[PDB]
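> Dumping the structure here so I can ask a few things about it.
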Number of protein chains: 2
Amino acid sequence: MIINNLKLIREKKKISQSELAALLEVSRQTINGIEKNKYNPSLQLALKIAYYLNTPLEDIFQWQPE
Amino acid sequence: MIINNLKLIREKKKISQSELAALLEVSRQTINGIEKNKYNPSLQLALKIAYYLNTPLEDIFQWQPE
């Protein structure tokens with residue numbers, strides 16, 4: 001069970017999809033797709049979101065293998 | 001760039017490839033490839049590795065968005 005709180009974390013800060021995408025050097029659709037947890041986030045993608053928002057990966061994404 | 005400390009964390013505990021393979025639901029070749037970071041750290045796997053080794057994934061894998 002992977003629980004994504006990408007958008008929740010985004011709300012904890014307040015940076016919009018257009019500006020965040022530009023910061024991550026990605027397309028706006030890329031970050032917006034991640035918000036819907038259905039775009040397949042690879043670590044590099046997750047890392048940059050984590051990095052620019054400065055938020056622990058564990059906070060952003062939650063992994064419950066149980 | 002990615003710096004892999006998977007070996008270091010495994011030394012922090014003492015879990016080897018056969019056990020991790022069973023825990024991560026993967027083949028031993030998969031985890032062996034991850035140890036050499038040659039297989040490329042799959043994000044889905046990285047999350048479970050973090051959990052099974054019980055260590056923050058940033059400690060396990062070191063990531064630079066450059």
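Residues are named by chain letter and number: chains run A, B, ... in the order of the structure tokens, numbers start at 1 in each chain, and ligands are numbered from 1 in the order shown.
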Show which residues sit within 7 Å of residue 1 in chain A, as JSON, numbers by chain. Count only C-alpha atoms, and ignore same-chain residues fewer than 6 positions away.
{"A": [63, 64, 65, 66]}
> Onto chain B, please fit chain A by least squares using all C-alpha atoms in order, then return the transformed chain as a compact mmCIF listing (two decimals) with N, CA, C and O atoms, in the first residue's frame.

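Writing done, so here's selection.txt:
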```txt
# COMPACT_ATOMS: atom_id res chain seq x y z
N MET A 1 24.32 13.53 -9.27
CA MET A 1 25.13 12.52 -8.62
C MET A 1 24.31 11.75 -7.63
O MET A 1 23.90 12.28 -6.59
N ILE A 2 24.01 10.53 -7.95
CA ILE A 2 23.34 9.66 -7.03
C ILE A 2 24.40 8.76 -6.41
O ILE A 2 25.20 8.15 -7.12
N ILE A 3 24.42 8.72 -5.11
CA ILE A 3 25.35 7.91 -4.38
C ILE A 3 24.53 6.86 -3.67
O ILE A 3 23.59 7.20 -2.95
N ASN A 4 24.83 5.62 -3.89
CA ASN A 4 24.05 4.56 -3.29
C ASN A 4 24.82 3.95 -2.14
O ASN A 4 26.01 3.62 -2.29
N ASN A 5 24.18 3.82 -1.01
CA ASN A 5 24.80 3.22 0.15
C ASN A 5 23.99 2.05 0.65
O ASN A 5 24.08 1.68 1.81
N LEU A 6 23.25 1.44 -0.27
CA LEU A 6 22.41 0.26 -0.03
C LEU A 6 23.21 -0.80 0.75
O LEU A 6 22.76 -1.27 1.81
N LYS A 7 24.38 -1.15 0.25
CA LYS A 7 25.21 -2.15 0.91
C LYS A 7 25.73 -1.68 2.27
O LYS A 7 25.72 -2.45 3.21
N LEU A 8 26.13 -0.42 2.37
CA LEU A 8 26.57 0.18 3.64
C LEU A 8 25.45 0.05 4.70
O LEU A 8 25.71 -0.34 5.85
N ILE A 9 24.22 0.36 4.30
CA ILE A 9 23.04 0.23 5.16
C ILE A 9 22.79 -1.23 5.53
O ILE A 9 22.41 -1.53 6.68
N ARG A 10 23.02 -2.12 4.58
CA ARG A 10 22.90 -3.54 4.83
C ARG A 10 23.85 -3.99 5.91
O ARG A 10 23.53 -4.86 6.68
N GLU A 11 25.06 -3.43 5.90
CA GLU A 11 26.08 -3.73 6.88
C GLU A 11 25.72 -3.15 8.26
O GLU A 11 26.14 -3.68 9.29
N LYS A 12 25.03 -1.99 8.27
CA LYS A 12 24.48 -1.41 9.51
C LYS A 12 23.49 -2.36 10.20
O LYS A 12 23.34 -2.33 11.42
N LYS A 13 22.79 -3.15 9.42
CA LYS A 13 21.97 -4.24 9.93
C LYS A 13 22.77 -5.49 9.61
O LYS A 13 23.95 -5.36 9.33
N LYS A 14 22.25 -6.68 9.70
CA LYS A 14 22.98 -7.78 9.15
C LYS A 14 22.04 -8.84 8.63
O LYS A 14 21.73 -9.85 9.28
N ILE A 15 21.52 -8.55 7.47
CA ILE A 15 20.60 -9.39 6.77
C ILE A 15 21.18 -9.63 5.40
O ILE A 15 21.56 -8.68 4.71
N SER A 16 21.26 -10.86 5.02
CA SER A 16 21.92 -11.26 3.83
C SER A 16 21.01 -11.10 2.61
O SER A 16 19.79 -10.95 2.77
N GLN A 17 21.60 -11.16 1.43
CA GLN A 17 20.88 -10.89 0.20
C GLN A 17 19.76 -11.89 -0.05
O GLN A 17 18.70 -11.52 -0.53
N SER A 18 19.97 -13.15 0.32
CA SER A 18 18.98 -14.17 0.11
C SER A 18 17.74 -13.94 0.99
O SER A 18 16.60 -13.97 0.49
N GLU A 19 17.96 -13.68 2.27
CA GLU A 19 16.87 -13.47 3.20
C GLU A 19 16.17 -12.16 2.95
O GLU A 19 14.94 -12.08 3.04
N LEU A 20 16.93 -11.12 2.62
CA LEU A 20 16.36 -9.82 2.37
C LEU A 20 15.50 -9.86 1.13
O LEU A 20 14.39 -9.35 1.13
N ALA A 21 15.98 -10.55 0.09
CA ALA A 21 15.24 -10.70 -1.15
C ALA A 21 13.91 -11.39 -0.90
O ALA A 21 12.88 -10.98 -1.45
N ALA A 22 13.92 -12.41 -0.05
CA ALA A 22 12.71 -13.14 0.29
C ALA A 22 11.72 -12.24 1.01
O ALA A 22 10.51 -12.29 0.74
N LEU A 23 12.23 -11.39 1.90
CA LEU A 23 11.41 -10.44 2.64
C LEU A 23 10.78 -9.43 1.70
O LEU A 23 9.61 -9.09 1.84
N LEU A 24 11.53 -9.03 0.69
CA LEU A 24 11.07 -8.00 -0.25
C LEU A 24 10.22 -8.63 -1.35
O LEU A 24 9.65 -7.91 -2.19
N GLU A 25 10.13 -9.97 -1.33
CA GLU A 25 9.41 -10.75 -2.33
C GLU A 25 10.04 -10.56 -3.71
O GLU A 25 9.35 -10.65 -4.74
N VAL A 26 11.34 -10.36 -3.74
CA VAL A 26 12.05 -10.12 -4.99
C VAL A 26 13.08 -11.21 -5.19
O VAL A 26 13.25 -12.08 -4.31
N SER A 27 13.72 -11.22 -6.32
CA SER A 27 14.76 -12.17 -6.59
C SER A 27 16.06 -11.73 -5.89
O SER A 27 16.28 -10.54 -5.64
N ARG A 28 16.90 -12.70 -5.55
CA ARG A 28 18.17 -12.44 -4.86
C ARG A 28 19.07 -11.57 -5.71
O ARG A 28 19.77 -10.69 -5.21
N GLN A 29 18.99 -11.80 -6.99
CA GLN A 29 19.74 -11.05 -7.97
C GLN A 29 19.28 -9.58 -8.00
O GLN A 29 20.08 -8.70 -8.29
N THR A 30 18.02 -9.34 -7.66
CA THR A 30 17.46 -8.01 -7.66
C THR A 30 18.15 -7.13 -6.61
O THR A 30 18.69 -6.07 -6.93
N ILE A 31 18.22 -7.62 -5.37
CA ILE A 31 18.83 -6.86 -4.28
C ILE A 31 20.35 -6.76 -4.49
O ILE A 31 20.94 -5.70 -4.29
N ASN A 32 20.93 -7.83 -4.98
CA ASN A 32 22.36 -7.90 -5.27
C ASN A 32 22.73 -6.91 -6.39
O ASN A 32 23.82 -6.30 -6.41
N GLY A 33 21.83 -6.77 -7.35
CA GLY A 33 22.00 -5.81 -8.42
C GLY A 33 21.94 -4.39 -7.90
O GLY A 33 22.70 -3.51 -8.37
N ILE A 34 21.06 -4.15 -6.93
CA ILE A 34 20.92 -2.83 -6.32
C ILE A 34 22.21 -2.46 -5.56
O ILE A 34 22.63 -1.31 -5.59
N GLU A 35 22.84 -3.45 -4.93
CA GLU A 35 24.12 -3.24 -4.23
C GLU A 35 25.20 -2.72 -5.18
O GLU A 35 26.09 -1.97 -4.77
N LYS A 36 25.10 -3.08 -6.44
CA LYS A 36 26.07 -2.64 -7.42
C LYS A 36 25.63 -1.36 -8.10
O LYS A 36 26.28 -0.91 -9.04
N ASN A 37 24.53 -0.76 -7.59
CA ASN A 37 23.93 0.51 -8.11
C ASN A 37 23.79 0.53 -9.62
O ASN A 37 23.80 1.59 -10.25
N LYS A 38 23.54 -0.63 -10.18
CA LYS A 38 23.39 -0.75 -11.59
C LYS A 38 22.42 -1.88 -11.88
O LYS A 38 22.81 -3.00 -12.17
N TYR A 39 21.18 -1.58 -11.67
CA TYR A 39 20.07 -2.50 -11.88
C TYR A 39 18.79 -1.67 -12.09
O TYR A 39 17.76 -2.19 -12.48
N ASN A 40 18.94 -0.36 -11.88
CA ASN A 40 17.84 0.61 -11.88
C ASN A 40 16.81 0.35 -10.79
O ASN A 40 15.89 -0.46 -10.94
N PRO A 41 16.99 1.00 -9.64
CA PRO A 41 16.08 0.87 -8.53
C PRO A 41 14.90 1.83 -8.66
O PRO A 41 15.09 3.05 -8.73
N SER A 42 13.73 1.29 -8.77
CA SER A 42 12.54 2.09 -8.75
C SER A 42 12.12 2.29 -7.28
O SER A 42 12.65 1.58 -6.40
N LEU A 43 11.20 3.21 -7.01
CA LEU A 43 10.85 3.55 -5.63
C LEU A 43 10.31 2.36 -4.85
O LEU A 43 10.69 2.18 -3.73
N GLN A 44 9.46 1.54 -5.46
CA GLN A 44 8.89 0.36 -4.78
C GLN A 44 10.01 -0.56 -4.26
O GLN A 44 9.95 -1.05 -3.13
N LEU A 45 11.04 -0.74 -5.08
CA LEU A 45 12.20 -1.54 -4.71
C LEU A 45 12.93 -0.89 -3.54
O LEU A 45 13.22 -1.54 -2.54
N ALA A 46 13.17 0.41 -3.66
CA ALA A 46 13.86 1.18 -2.63
C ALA A 46 13.06 1.20 -1.33
O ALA A 46 13.62 1.06 -0.25
N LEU A 47 11.75 1.34 -1.46
CA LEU A 47 10.83 1.39 -0.35
C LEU A 47 10.86 0.13 0.46
O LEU A 47 10.97 0.19 1.66
N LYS A 48 10.81 -1.01 -0.18
CA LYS A 48 10.80 -2.23 0.57
C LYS A 48 12.11 -2.49 1.29
O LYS A 48 12.10 -2.93 2.44
N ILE A 49 13.21 -2.15 0.66
CA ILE A 49 14.51 -2.29 1.31
C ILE A 49 14.56 -1.35 2.53
O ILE A 49 14.97 -1.75 3.62
N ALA A 50 14.05 -0.14 2.34
CA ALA A 50 14.00 0.88 3.38
C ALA A 50 13.11 0.46 4.52
O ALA A 50 13.42 0.68 5.67
N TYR A 51 12.00 -0.12 4.16
CA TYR A 51 10.96 -0.52 5.07
C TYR A 51 11.38 -1.72 5.94
O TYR A 51 11.29 -1.66 7.16
N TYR A 52 11.86 -2.79 5.31
CA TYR A 52 12.24 -4.00 6.06
C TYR A 52 13.49 -3.80 6.91
O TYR A 52 13.65 -4.43 7.96
N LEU A 53 14.37 -2.93 6.47
CA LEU A 53 15.58 -2.63 7.23
C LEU A 53 15.30 -1.48 8.19
O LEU A 53 16.08 -1.23 9.11
N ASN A 54 14.17 -0.83 7.98
CA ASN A 54 13.73 0.39 8.67
C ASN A 54 14.85 1.40 8.74
O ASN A 54 15.53 1.54 9.75
N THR A 55 15.09 2.02 7.65
CA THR A 55 16.11 3.00 7.53
C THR A 55 15.64 4.08 6.56
O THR A 55 15.03 3.75 5.52
N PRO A 56 15.82 5.38 6.91
CA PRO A 56 15.42 6.51 6.06
C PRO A 56 16.00 6.39 4.65
O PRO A 56 17.16 6.00 4.48
N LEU A 57 15.20 6.75 3.66
CA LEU A 57 15.57 6.66 2.26
C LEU A 57 16.82 7.49 2.02
O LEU A 57 17.73 7.05 1.33
N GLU A 58 16.87 8.66 2.64
CA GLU A 58 18.01 9.59 2.56
C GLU A 58 19.31 8.94 3.06
O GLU A 58 20.40 9.30 2.61
N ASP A 59 19.19 8.07 4.03
CA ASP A 59 20.35 7.36 4.55
C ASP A 59 20.84 6.32 3.55
O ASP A 59 22.03 6.19 3.29
N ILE A 60 19.88 5.62 2.96
CA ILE A 60 20.18 4.52 2.03
C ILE A 60 20.70 5.05 0.70
O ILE A 60 21.77 4.64 0.21
N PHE A 61 19.96 5.96 0.11
CA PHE A 61 20.33 6.56 -1.15
C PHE A 61 20.62 8.02 -0.92
O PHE A 61 19.91 8.68 -0.17
N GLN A 62 21.63 8.53 -1.55
CA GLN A 62 21.96 9.92 -1.42
C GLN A 62 21.86 10.60 -2.76
O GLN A 62 22.49 10.18 -3.74
N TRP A 63 21.09 11.64 -2.80
CA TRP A 63 20.90 12.39 -3.98
C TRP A 63 21.59 13.73 -3.91
O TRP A 63 21.29 14.56 -3.05
N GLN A 64 22.51 13.92 -4.80
CA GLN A 64 23.23 15.15 -4.93
C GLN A 64 23.03 15.64 -6.36
O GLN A 64 23.74 15.21 -7.26
N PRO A 65 22.02 16.48 -6.61
CA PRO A 65 21.74 17.00 -7.97
C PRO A 65 22.79 18.03 -8.40
O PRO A 65 22.82 18.50 -9.54
N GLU A 66 23.62 18.36 -7.46
CA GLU A 66 24.69 19.28 -7.63
C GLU A 66 25.92 18.51 -8.09
O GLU A 66 26.13 18.40 -9.32
```
